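Input: a single structure, listed below in structure tokens.
In mature numbering (1 follows the signal peptide of the UniProt record, and there is no 0), the protein residues as written are 2 to 51.
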């Protein structure tokens with residue numbers, strides 16, 4: 002499968018190619034910004050050290 006695009010990026014099925022997620026800022030004209038995942042919950046570190 003060609004859908005193994007990492008985070009901070011997306012893949013546009015329309016254009017038929019993977020791009021970046023940083024592109025999804027202001028100008029909205031891509032149906033790939035839905036690929037850009039945000040998994041890996043940051044708020045998950047017990048104790049209040051460091």
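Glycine included, every Cβ here is placed at the ideal spot set by N, Cα and C.
Query: DSSP beta-bridge partners for residue 19?; Result: 12
Query: Which full runs of the beta strand (DSSP E) of 3+ residues lie inside the stretch 18-51, going along the chain?; Result: 18-21
Query: When we look at the beta-carbon of residue 27 and count the other beta-carbons within 10 Å, is it buried (16 or more) or exposed?; Result: exposed
Query: Within 10 angstroms of the Cβ of residue 46, are there 16 or more other Cβ atoms? Answer buried if so, exposed if not.; Result: exposed
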